[PDB]
file coords-v3.json (JSON, N, CA, C and O atoms and all ligand atoms)
[["chain", "number", "residue", "atom", "x", "y", "z"],
["A", 81, "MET", "N", -17.48, 33.96, 7.57],
["A", 81, "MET", "CA", -16.68, 34.55, 6.46],
["A", 81, "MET", "C", -15.25, 34.03, 6.48],
["A", 81, "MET", "O", -14.30, 34.81, 6.53],
["A", 82, "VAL", "N", -15.10, 32.71, 6.45],
["A", 82, "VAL", "CA", -13.78, 32.08, 6.46],
["A", 82, "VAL", "C", -12.99, 32.50, 7.70],
["A", 82, "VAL", "O", -12.13, 33.38, 7.63],
["A", 83, "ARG", "N", -13.29, 31.86, 8.83],
["A", 83, "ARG", "CA", -12.60, 32.17, 10.08],
["A", 83, "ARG", "C", -11.73, 31.00, 10.52],
["A", 83, "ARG", "O", -10.58, 31.18, 10.92],
["A", 84, "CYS", "N", -12.29, 29.79, 10.45],
["A", 84, "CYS", "CA", -11.56, 28.59, 10.84],
["A", 84, "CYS", "C", -11.03, 27.85, 9.62],
["A", 84, "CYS", "O", -9.94, 27.29, 9.65],
["A", 85, "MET", "N", -11.81, 27.86, 8.54],
["A", 85, "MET", "CA", -11.43, 27.19, 7.30],
["A", 85, "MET", "C", -10.89, 25.79, 7.56],
["A", 85, "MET", "O", -11.00, 25.27, 8.68],
["A", 86, "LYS", "N", -10.31, 25.17, 6.54],
["A", 86, "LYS", "CA", -9.76, 23.83, 6.66],
["A", 86, "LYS", "C", -8.57, 23.82, 7.62],
["A", 86, "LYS", "O", -7.94, 24.85, 7.86],
["A", 87, "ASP", "N", -8.28, 22.65, 8.18],
["A", 87, "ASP", "CA", -7.18, 22.50, 9.12],
["A", 87, "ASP", "C", -5.99, 21.81, 8.45],
["A", 87, "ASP", "O", -6.10, 21.27, 7.35],
["A", 88, "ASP", "N", -4.84, 21.84, 9.13],
["A", 88, "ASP", "CA", -3.63, 21.22, 8.60],
["A", 88, "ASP", "C", -3.68, 19.70, 8.78],
["A", 88, "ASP", "O", -4.51, 19.18, 9.52],
["A", 89, "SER", "N", -2.77, 19.00, 8.10],
["A", 89, "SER", "CA", -2.71, 17.55, 8.18],
["A", 89, "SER", "C", -2.38, 17.10, 9.60],
["A", 89, "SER", "O", -1.27, 17.31, 10.09],
["A", 90, "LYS", "N", -3.35, 16.48, 10.26],
["A", 90, "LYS", "CA", -3.16, 16.00, 11.63],
["A", 90, "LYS", "C", -2.89, 14.50, 11.65],
["A", 90, "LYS", "O", -2.67, 13.89, 10.60],
["A", 91, "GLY", "N", -2.91, 13.92, 12.84],
["A", 91, "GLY", "CA", -2.66, 12.49, 12.97],
["A", 91, "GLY", "C", -3.75, 11.66, 12.32],
["A", 91, "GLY", "O", -4.84, 11.51, 12.88],
["A", 92, "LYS", "N", -3.45, 11.11, 11.15],
["A", 92, "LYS", "CA", -4.40, 10.28, 10.43],
["A", 92, "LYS", "C", -4.04, 8.80, 10.54],
["A", 92, "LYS", "O", -2.87, 8.43, 10.42],
["A", 93, "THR", "N", -5.04, 7.97, 10.77],
["A", 93, "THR", "CA", -4.83, 6.53, 10.91],
["A", 93, "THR", "C", -5.22, 5.80, 9.63],
["A", 93, "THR", "O", -4.37, 5.42, 8.82],
["A", 94, "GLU", "N", -6.53, 5.59, 9.44],
["A", 94, "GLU", "CA", -7.03, 4.91, 8.25],
["A", 94, "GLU", "C", -6.98, 5.83, 7.04],
["A", 94, "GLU", "O", -6.57, 5.43, 5.95],
["A", 95, "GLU", "N", -7.41, 7.08, 7.24],
["A", 95, "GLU", "CA", -7.41, 8.06, 6.17],
["A", 95, "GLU", "C", -6.00, 8.32, 5.66],
["A", 95, "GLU", "O", -5.81, 8.83, 4.55],
["A", 96, "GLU", "N", -5.00, 7.97, 6.47],
["A", 96, "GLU", "CA", -3.60, 8.16, 6.11],
["A", 96, "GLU", "C", -3.11, 7.06, 5.17],
["A", 96, "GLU", "O", -1.97, 7.08, 4.72],
["A", 97, "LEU", "N", -3.98, 6.08, 4.89],
["A", 97, "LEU", "CA", -3.63, 4.97, 4.02],
["A", 97, "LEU", "C", -3.23, 5.46, 2.62],
["A", 97, "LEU", "O", -2.58, 4.73, 1.87],
["A", 98, "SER", "N", -3.63, 6.68, 2.28],
["A", 98, "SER", "CA", -3.31, 7.24, 0.97],
["A", 98, "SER", "C", -1.82, 7.54, 0.85],
["A", 98, "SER", "O", -1.24, 7.43, -0.23],
["A", 99, "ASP", "N", -1.20, 7.91, 1.97],
["A", 99, "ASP", "CA", 0.22, 8.23, 1.98],
["A", 99, "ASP", "C", 1.06, 6.96, 2.06],
["A", 99, "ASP", "O", 2.17, 6.90, 1.52],
["A", 100, "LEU", "N", 0.53, 5.94, 2.73],
["A", 100, "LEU", "CA", 1.23, 4.67, 2.88],
["A", 100, "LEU", "C", 1.34, 3.94, 1.55],
["A", 100, "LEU", "O", 2.27, 3.18, 1.32],
["A", 101, "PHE", "N", 0.37, 4.18, 0.67],
["A", 101, "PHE", "CA", 0.35, 3.54, -0.64],
["A", 101, "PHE", "C", 1.58, 3.92, -1.46],
["A", 101, "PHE", "O", 2.30, 3.06, -1.95],
["A", 102, "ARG", "N", 1.81, 5.23, -1.59],
["A", 102, "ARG", "CA", 2.95, 5.73, -2.35],
["A", 102, "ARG", "C", 4.26, 5.15, -1.82],
["A", 102, "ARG", "O", 5.21, 4.95, -2.57],
["A", 103, "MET", "N", 4.29, 4.90, -0.52],
["A", 103, "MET", "CA", 5.49, 4.35, 0.12],
["A", 103, "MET", "C", 5.80, 2.95, -0.41],
["A", 103, "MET", "O", 6.93, 2.47, -0.30],
["A", 104, "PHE", "N", 4.79, 2.29, -0.98],
["A", 104, "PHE", "CA", 4.96, 0.95, -1.52],
["A", 104, "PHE", "C", 5.24, 0.99, -3.02],
["A", 104, "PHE", "O", 5.78, 0.04, -3.58],
["A", 105, "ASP", "N", 4.88, 2.10, -3.66],
["A", 105, "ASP", "CA", 5.10, 2.25, -5.09],
["A", 105, "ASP", "C", 6.54, 2.70, -5.38],
["A", 105, "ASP", "O", 7.12, 3.48, -4.62],
["A", 106, "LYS", "N", 7.10, 2.20, -6.47],
["A", 106, "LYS", "CA", 8.47, 2.55, -6.85],
["A", 106, "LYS", "C", 8.48, 3.67, -7.89],
["A", 106, "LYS", "O", 9.37, 4.51, -7.90],
["A", 107, "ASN", "N", 7.47, 3.67, -8.75],
["A", 107, "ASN", "CA", 7.36, 4.69, -9.79],
["A", 107, "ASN", "C", 6.11, 5.55, -9.61],
["A", 107, "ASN", "O", 5.94, 6.56, -10.28],
["A", 108, "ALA", "N", 5.24, 5.14, -8.69],
["A", 108, "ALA", "CA", 4.01, 5.87, -8.42],
["A", 108, "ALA", "C", 3.10, 5.88, -9.65],
["A", 108, "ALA", "O", 2.82, 6.93, -10.22],
["A", 109, "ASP", "N", 2.64, 4.70, -10.04],
["A", 109, "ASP", "CA", 1.76, 4.56, -11.20],
["A", 109, "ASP", "C", 0.32, 4.30, -10.78],
["A", 109, "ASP", "O", -0.59, 4.27, -11.61],
["A", 110, "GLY", "N", 0.10, 4.12, -9.48],
["A", 110, "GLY", "CA", -1.24, 3.87, -8.98],
["A", 110, "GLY", "C", -1.47, 2.41, -8.61],
["A", 110, "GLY", "O", -2.44, 2.08, -7.94],
["A", 111, "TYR", "N", -0.56, 1.54, -9.04],
["A", 111, "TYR", "CA", -0.66, 0.12, -8.75],
["A", 111, "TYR", "C", 0.72, -0.49, -8.55],
["A", 111, "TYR", "O", 1.71, -0.01, -9.11],
["A", 112, "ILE", "N", 0.79, -1.56, -7.76],
["A", 112, "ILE", "CA", 2.05, -2.23, -7.49],
["A", 112, "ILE", "C", 1.95, -3.73, -7.76],
["A", 112, "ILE", "O", 0.87, -4.31, -7.68],
["A", 113, "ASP", "N", 3.08, -4.33, -8.09],
["A", 113, "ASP", "CA", 3.14, -5.76, -8.39],
["A", 113, "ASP", "C", 4.34, -6.41, -7.71],
["A", 113, "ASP", "O", 5.16, -5.72, -7.10],
["A", 114, "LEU", "N", 4.44, -7.73, -7.82],
["A", 114, "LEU", "CA", 5.55, -8.47, -7.21],
["A", 114, "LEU", "C", 6.89, -7.91, -7.66],
["A", 114, "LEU", "O", 7.83, -7.80, -6.87],
["A", 115, "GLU", "N", 6.99, -7.57, -8.95],
["A", 115, "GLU", "CA", 8.23, -7.03, -9.50],
["A", 115, "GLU", "C", 8.65, -5.77, -8.76],
["A", 115, "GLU", "O", 9.81, -5.62, -8.37],
["A", 116, "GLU", "N", 7.71, -4.85, -8.57],
["A", 116, "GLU", "CA", 7.98, -3.60, -7.87],
["A", 116, "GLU", "C", 8.19, -3.85, -6.38],
["A", 116, "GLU", "O", 9.20, -3.43, -5.81],
["A", 117, "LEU", "N", 7.23, -4.53, -5.76],
["A", 117, "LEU", "CA", 7.30, -4.83, -4.33],
["A", 117, "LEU", "C", 8.63, -5.49, -3.98],
["A", 117, "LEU", "O", 9.12, -5.36, -2.86],
["A", 118, "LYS", "N", 9.21, -6.21, -4.94],
["A", 118, "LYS", "CA", 10.48, -6.88, -4.73],
["A", 118, "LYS", "C", 11.58, -5.88, -4.37],
["A", 118, "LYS", "O", 12.40, -6.14, -3.48],
["A", 119, "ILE", "N", 11.58, -4.75, -5.05],
["A", 119, "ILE", "CA", 12.57, -3.71, -4.81],
["A", 119, "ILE", "C", 12.31, -3.00, -3.48],
["A", 119, "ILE", "O", 13.22, -2.47, -2.86],
["A", 120, "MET", "N", 11.04, -2.99, -3.06],
["A", 120, "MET", "CA", 10.66, -2.34, -1.81],
["A", 120, "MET", "C", 11.19, -3.11, -0.61],
["A", 120, "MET", "O", 11.62, -2.52, 0.38],
["A", 121, "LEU", "N", 11.16, -4.44, -0.71],
["A", 121, "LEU", "CA", 11.65, -5.29, 0.37],
["A", 121, "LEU", "C", 13.15, -5.15, 0.54],
["A", 121, "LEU", "O", 13.68, -5.36, 1.64],
["A", 122, "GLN", "N", 13.84, -4.80, -0.54],
["A", 122, "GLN", "CA", 15.29, -4.63, -0.50],
["A", 122, "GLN", "C", 15.69, -3.60, 0.55],
["A", 122, "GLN", "O", 16.81, -3.60, 1.05],
["A", 123, "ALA", "N", 14.76, -2.70, 0.88],
["A", 123, "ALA", "CA", 15.01, -1.66, 1.87],
["A", 123, "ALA", "C", 15.46, -2.26, 3.19],
["A", 123, "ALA", "O", 16.42, -1.80, 3.80],
["A", 124, "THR", "N", 14.76, -3.31, 3.63],
["A", 124, "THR", "CA", 15.10, -3.97, 4.89],
["A", 124, "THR", "C", 16.47, -4.64, 4.79],
["A", 124, "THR", "O", 17.05, -4.71, 3.71],
["A", 125, "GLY", "N", 16.97, -5.12, 5.92],
["A", 125, "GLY", "CA", 18.27, -5.77, 5.93],
["A", 125, "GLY", "C", 18.18, -7.25, 6.26],
["A", 125, "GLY", "O", 19.13, -7.84, 6.78],
["A", 126, "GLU", "N", 17.03, -7.85, 5.96],
["A", 126, "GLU", "CA", 16.82, -9.27, 6.23],
["A", 126, "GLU", "C", 16.97, -10.09, 4.95],
["A", 126, "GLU", "O", 17.46, -9.59, 3.94],
["A", 127, "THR", "N", 16.54, -11.35, 5.01],
["A", 127, "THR", "CA", 16.63, -12.24, 3.86],
["A", 127, "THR", "C", 15.24, -12.71, 3.44],
["A", 127, "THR", "O", 14.59, -13.48, 4.15],
["A", 128, "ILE", "N", 14.79, -12.25, 2.27],
["A", 128, "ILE", "CA", 13.47, -12.62, 1.76],
["A", 128, "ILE", "C", 13.60, -13.48, 0.51],
["A", 128, "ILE", "O", 14.47, -13.25, -0.33],
["A", 129, "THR", "N", 12.72, -14.47, 0.39],
["A", 129, "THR", "CA", 12.74, -15.37, -0.77],
["A", 129, "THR", "C", 11.61, -15.01, -1.74],
["A", 129, "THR", "O", 10.70, -14.26, -1.40],
["A", 130, "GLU", "N", 11.69, -15.56, -2.95],
["A", 130, "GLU", "CA", 10.68, -15.31, -3.97],
["A", 130, "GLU", "C", 9.30, -15.74, -3.49],
["A", 130, "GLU", "O", 8.29, -15.17, -3.88],
["A", 131, "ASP", "N", 9.27, -16.76, -2.63],
["A", 131, "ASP", "CA", 8.01, -17.27, -2.10],
["A", 131, "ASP", "C", 7.47, -16.35, -1.01],
["A", 131, "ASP", "O", 6.25, -16.24, -0.83],
["A", 132, "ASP", "N", 8.37, -15.69, -0.30],
["A", 132, "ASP", "CA", 7.98, -14.77, 0.77],
["A", 132, "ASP", "C", 7.31, -13.53, 0.20],
["A", 132, "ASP", "O", 6.29, -13.06, 0.72],
["A", 133, "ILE", "N", 7.89, -12.98, -0.87],
["A", 133, "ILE", "CA", 7.35, -11.79, -1.51],
["A", 133, "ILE", "C", 5.96, -12.05, -2.09],
["A", 133, "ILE", "O", 5.18, -11.12, -2.29],
["A", 134, "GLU", "N", 5.65, -13.32, -2.35],
["A", 134, "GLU", "CA", 4.36, -13.70, -2.90],
["A", 134, "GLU", "C", 3.26, -13.58, -1.85],
["A", 134, "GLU", "O", 2.13, -13.22, -2.16],
["A", 135, "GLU", "N", 3.61, -13.89, -0.60],
["A", 135, "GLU", "CA", 2.65, -13.83, 0.50],
["A", 135, "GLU", "C", 2.06, -12.43, 0.63],
["A", 135, "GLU", "O", 0.90, -12.27, 1.01],
["A", 136, "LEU", "N", 2.85, -11.42, 0.30],
["A", 136, "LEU", "CA", 2.40, -10.03, 0.37],
["A", 136, "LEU", "C", 1.38, -9.73, -0.71],
["A", 136, "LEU", "O", 0.35, -9.11, -0.46],
["A", 137, "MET", "N", 1.67, -10.18, -1.93],
["A", 137, "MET", "CA", 0.77, -9.96, -3.06],
["A", 137, "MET", "C", -0.46, -10.86, -2.97],
["A", 137, "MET", "O", -1.57, -10.46, -3.34],
["A", 138, "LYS", "N", -0.26, -12.07, -2.47],
["A", 138, "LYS", "CA", -1.35, -13.03, -2.33],
["A", 138, "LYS", "C", -2.45, -12.48, -1.43],
["A", 138, "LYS", "O", -3.54, -12.14, -1.89],
["A", 139, "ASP", "N", -2.16, -12.40, -0.13],
["A", 139, "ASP", "CA", -3.12, -11.89, 0.84],
["A", 139, "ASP", "C", -3.56, -10.47, 0.51],
["A", 139, "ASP", "O", -4.60, -10.01, 0.97],
["A", 140, "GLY", "N", -2.76, -9.77, -0.29],
["A", 140, "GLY", "CA", -3.09, -8.41, -0.66],
["A", 140, "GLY", "C", -3.95, -8.34, -1.91],
["A", 140, "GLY", "O", -4.72, -7.39, -2.09],
["A", 141, "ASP", "N", -3.83, -9.35, -2.76],
["A", 141, "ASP", "CA", -4.61, -9.40, -4.00],
["A", 141, "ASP", "C", -6.09, -9.61, -3.70],
["A", 141, "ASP", "O", -6.49, -10.68, -3.25],
["A", 142, "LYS", "N", -6.89, -8.59, -3.96],
["A", 142, "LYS", "CA", -8.33, -8.66, -3.72],
["A", 142, "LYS", "C", -9.10, -8.70, -5.03],
["A", 142, "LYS", "O", -10.18, -9.29, -5.11],
["A", 143, "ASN", "N", -8.54, -8.08, -6.06],
["A", 143, "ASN", "CA", -9.18, -8.05, -7.38],
["A", 143, "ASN", "C", -8.77, -9.27, -8.21],
["A", 143, "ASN", "O", -9.27, -9.46, -9.32],
["A", 144, "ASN", "N", -7.87, -10.09, -7.67],
["A", 144, "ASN", "CA", -7.41, -11.28, -8.37],
["A", 144, "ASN", "C", -6.69, -10.92, -9.66],
["A", 144, "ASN", "O", -6.64, -11.72, -10.60],
["A", 145, "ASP", "N", -6.12, -9.72, -9.70],
["A", 145, "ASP", "CA", -5.39, -9.26, -10.88],
["A", 145, "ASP", "C", -3.89, -9.46, -10.70],
["A", 145, "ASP", "O", -3.14, -9.54, -11.67],
["A", 146, "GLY", "N", -3.45, -9.55, -9.44],
["A", 146, "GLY", "CA", -2.05, -9.75, -9.15],
["A", 146, "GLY", "C", -1.35, -8.46, -8.73],
["A", 146, "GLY", "O", -0.13, -8.44, -8.59],
["A", 147, "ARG", "N", -2.12, -7.40, -8.53],
["A", 147, "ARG", "CA", -1.57, -6.12, -8.12],
["A", 147, "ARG", "C", -2.28, -5.57, -6.89],
["A", 147, "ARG", "O", -3.11, -6.26, -6.29],
["A", 148, "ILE", "N", -1.97, -4.34, -6.53],
["A", 148, "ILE", "CA", -2.59, -3.70, -5.37],
["A", 148, "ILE", "C", -2.75, -2.20, -5.60],
["A", 148, "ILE", "O", -1.84, -1.53, -6.07],
["A", 149, "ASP", "N", -3.93, -1.69, -5.27],
["A", 149, "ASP", "CA", -4.22, -0.27, -5.44],
["A", 149, "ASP", "C", -4.89, 0.30, -4.19],
["A", 149, "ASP", "O", -5.01, -0.38, -3.17],
["A", 150, "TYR", "N", -5.32, 1.56, -4.27],
["A", 150, "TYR", "CA", -5.98, 2.22, -3.15],
["A", 150, "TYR", "C", -7.23, 1.46, -2.72],
["A", 150, "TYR", "O", -7.63, 1.51, -1.56],
["A", 151, "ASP", "N", -7.84, 0.75, -3.66],
["A", 151, "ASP", "CA", -9.05, -0.02, -3.37],
["A", 151, "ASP", "C", -8.70, -1.31, -2.64],
["A", 151, "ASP", "O", -9.25, -1.61, -1.58],
["A", 152, "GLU", "N", -7.78, -2.08, -3.21],
["A", 152, "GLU", "CA", -7.36, -3.34, -2.62],
["A", 152, "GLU", "C", -6.60, -3.11, -1.31],
["A", 152, "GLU", "O", -6.56, -3.97, -0.44],
["A", 153, "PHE", "N", -6.00, -1.93, -1.18],
["A", 153, "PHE", "CA", -5.25, -1.58, 0.02],
["A", 153, "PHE", "C", -6.18, -1.32, 1.19],
["A", 153, "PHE", "O", -5.91, -1.74, 2.32],
["A", 154, "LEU", "N", -7.28, -0.63, 0.93],
["A", 154, "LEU", "CA", -8.26, -0.31, 1.96],
["A", 154, "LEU", "C", -8.90, -1.58, 2.51],
["A", 154, "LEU", "O", -9.26, -1.65, 3.69],
["A", 155, "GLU", "N", -9.03, -2.59, 1.66],
["A", 155, "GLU", "CA", -9.62, -3.86, 2.06],
["A", 155, "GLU", "C", -8.58, -4.76, 2.73],
["A", 155, "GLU", "O", -8.86, -5.42, 3.73],
["A", 156, "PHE", "N", -7.38, -4.78, 2.16],
["A", 156, "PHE", "CA", -6.29, -5.60, 2.70],
["A", 156, "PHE", "C", -5.90, -5.13, 4.10],
["A", 156, "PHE", "O", -5.32, -5.89, 4.88],
["A", 157, "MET", "N", -6.20, -3.87, 4.41],
["A", 157, "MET", "CA", -5.87, -3.31, 5.72],
["A", 157, "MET", "C", -7.10, -3.28, 6.63],
["A", 157, "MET", "O", -7.08, -2.62, 7.68],
["A", 158, "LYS", "N", -8.15, -3.99, 6.24],
["A", 158, "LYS", "CA", -9.38, -4.03, 7.04],
["A", 158, "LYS", "C", -9.36, -5.20, 8.02],
["A", 158, "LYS", "O", -10.40, -5.80, 8.30],
["A", 159, "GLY", "N", -8.19, -5.51, 8.56],
["A", 159, "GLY", "CA", -8.07, -6.60, 9.51],
["A", 159, "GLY", "C", -7.45, -7.84, 8.90],
["A", 159, "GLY", "O", -8.16, -8.77, 8.51],
["A", 160, "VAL", "N", -6.13, -7.86, 8.82],
["A", 160, "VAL", "CA", -5.41, -9.00, 8.26],
["A", 160, "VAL", "C", -4.57, -9.70, 9.32],
["A", 160, "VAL", "O", -4.52, -10.93, 9.39],
["A", 161, "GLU", "N", -3.89, -8.90, 10.15],
["A", 161, "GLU", "CA", -3.05, -9.44, 11.21],
["A", 161, "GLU", "C", -3.76, -9.39, 12.56],
["A", 161, "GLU", "O", -4.99, -9.25, 12.62],
["A", 201, "CA", "CA", 3.78, 0.73, -8.86],
["A", 202, "CA", "CA", -6.19, -6.20, -8.16]]

call {"tool": "encode", "arguments": {"input": "coords-v3.json", "output": "structure tokens"}}
result
Amino acid sequence: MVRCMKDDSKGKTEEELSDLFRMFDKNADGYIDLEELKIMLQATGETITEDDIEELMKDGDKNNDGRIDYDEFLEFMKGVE
């Protein structure tokens, strides 16, 4: 009769990929592109070139659309590095 019920958000690894996605989105539309990702890289204090930002979308592009979503993210994180 509802004694243990659901638990609180614990340490999630792969299942936590849902939260990491929003961290890459600038407006949270469900998908990201080079234009958006460009502003995300600005967070760091290094020097990135237009060609460097492409490497992220390239290896990340699984649907060949030029963007990234929860689907392409789950695959792009299935062993890249
Ligand atoms: Ca976006
Ligand atoms: Ca795609």

call {"tool": "closest_residue", "arguments": {"input": "coords-v3.json", "among": "A:88, A:134, A:94, A:105", "to": "ligand CA 201 (chain A)", "atoms": "only N, CA, C and O atoms and all ligand atoms"}}
result
A:105

call {"tool": "closest_atom_pairs", "arguments": {"input": "coords-v3.json", "of": "segment 98-144 of chain A", "to": "segment 149-161 of chain A", "cutoff": "5 Å", "atoms": "all atoms listed in the file", "output": "tab-separated table"}}
result
residue	atom	partner	partner_atom	distance
A:110	O	A:149	CA	3.9
A:111	CA	A:149	CA	4.9
A:140	O	A:152	O	4.2

call {"tool": "residues_near_ligand", "arguments": {"input": "coords-v3.json", "ligand": "ligand CA 202 (chain A)", "cutoff": "8 Å", "atoms": "all atoms listed in the file", "output": "PyMOL selection string"}}
result
chain A and resi 112+137+140-149+151-152

call {"tool": "write_last_selection", "arguments": {"input": "coords-v3.json", "atoms": "N, CA, C and O atoms", "output": "tab-separated table (two decimals), in the frame of the given file"}}
result
chain	number	residue	atom	x	y	z
A	112	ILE	N	0.79	-1.56	-7.76
A	112	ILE	CA	2.05	-2.23	-7.49
A	112	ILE	C	1.95	-3.73	-7.76
A	112	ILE	O	0.87	-4.31	-7.68
A	137	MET	N	1.67	-10.18	-1.93
A	137	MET	CA	0.77	-9.96	-3.06
A	137	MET	C	-0.46	-10.86	-2.97
A	137	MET	O	-1.57	-10.46	-3.34
A	140	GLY	N	-2.76	-9.77	-0.29
A	140	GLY	CA	-3.09	-8.41	-0.66
A	140	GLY	C	-3.95	-8.34	-1.91
A	140	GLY	O	-4.72	-7.39	-2.09
A	141	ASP	N	-3.83	-9.35	-2.76
A	141	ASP	CA	-4.61	-9.40	-4.00
A	141	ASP	C	-6.09	-9.61	-3.70
A	141	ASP	O	-6.49	-10.68	-3.25
A	142	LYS	N	-6.89	-8.59	-3.96
A	142	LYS	CA	-8.33	-8.66	-3.72
A	142	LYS	C	-9.10	-8.70	-5.03
A	142	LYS	O	-10.18	-9.29	-5.11
A	143	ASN	N	-8.54	-8.08	-6.06
A	143	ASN	CA	-9.18	-8.05	-7.38
A	143	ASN	C	-8.77	-9.27	-8.21
A	143	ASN	O	-9.27	-9.46	-9.32
A	144	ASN	N	-7.87	-10.09	-7.67
A	144	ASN	CA	-7.41	-11.28	-8.37
A	144	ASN	C	-6.69	-10.92	-9.66
A	144	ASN	O	-6.64	-11.72	-10.60
A	145	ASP	N	-6.12	-9.72	-9.70
A	145	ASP	CA	-5.39	-9.26	-10.88
A	145	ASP	C	-3.89	-9.46	-10.70
A	145	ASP	O	-3.14	-9.54	-11.67
A	146	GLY	N	-3.45	-9.55	-9.44
A	146	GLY	CA	-2.05	-9.75	-9.15
A	146	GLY	C	-1.35	-8.46	-8.73
A	146	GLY	O	-0.13	-8.44	-8.59
A	147	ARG	N	-2.12	-7.40	-8.53
A	147	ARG	CA	-1.57	-6.12	-8.12
A	147	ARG	C	-2.28	-5.57	-6.89
A	147	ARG	O	-3.11	-6.26	-6.29
A	148	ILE	N	-1.97	-4.34	-6.53
A	148	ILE	CA	-2.59	-3.70	-5.37
A	148	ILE	C	-2.75	-2.20	-5.60
A	148	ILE	O	-1.84	-1.53	-6.07
A	149	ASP	N	-3.93	-1.69	-5.27
A	149	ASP	CA	-4.22	-0.27	-5.44
A	149	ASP	C	-4.89	0.30	-4.19
A	149	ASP	O	-5.01	-0.38	-3.17
A	151	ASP	N	-7.84	0.75	-3.66
A	151	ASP	CA	-9.05	-0.02	-3.37
A	151	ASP	C	-8.70	-1.31	-2.64
A	151	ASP	O	-9.25	-1.61	-1.58
A	152	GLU	N	-7.78	-2.08	-3.21
A	152	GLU	CA	-7.36	-3.34	-2.62
A	152	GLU	C	-6.60	-3.11	-1.31
A	152	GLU	O	-6.56	-3.97	-0.44

call {"tool": "atom_distance", "arguments": {"input": "coords-v3.json", "atom1": "atom O of residue 100 of chain A", "atom2": "atom N of residue 86 of chain A"}}
result
25.9 Å

call {"tool": "closest_residue", "arguments": {"input": "coords-v3.json", "among": "A:117, A:87, A:92, A:98", "to": "ligand CA 201 (chain A)", "atoms": "only C-alpha atoms and all ligand atoms"}}
result
A:117

call {"tool": "axis_aligned_box", "arguments": {"input": "coords-v3.json", "around": "segment 114-124 of chain A", "padding_each_side": "3 Å", "output": "lines of an AutoDock Vina configuration file"}}
result
center_x = 10.7
center_y = -5.1
center_z = -2.3
size_x = 18.6
size_y = 12.8
size_z = 20.4

call {"tool": "atom_distance", "arguments": {"input": "coords-v3.json", "atom1": "atom N of residue 136 of chain A", "atom2": "atom O of residue 121 of chain A"}}
result
12.5 Å

call {"tool": "closest_residue", "arguments": {"input": "coords-v3.json", "among": "A:104, A:93, A:84, A:99", "to": "ligand CA 201 (chain A)", "atoms": "only N, CA, C and O atoms and all ligand atoms"}}
result
A:104

call {"tool": "closest_residue", "arguments": {"input": "coords-v3.json", "among": "A:97, A:108, A:103, A:82", "to": "ligand CA 201 (chain A)", "atoms": "all atoms listed in the file"}}
result
A:108
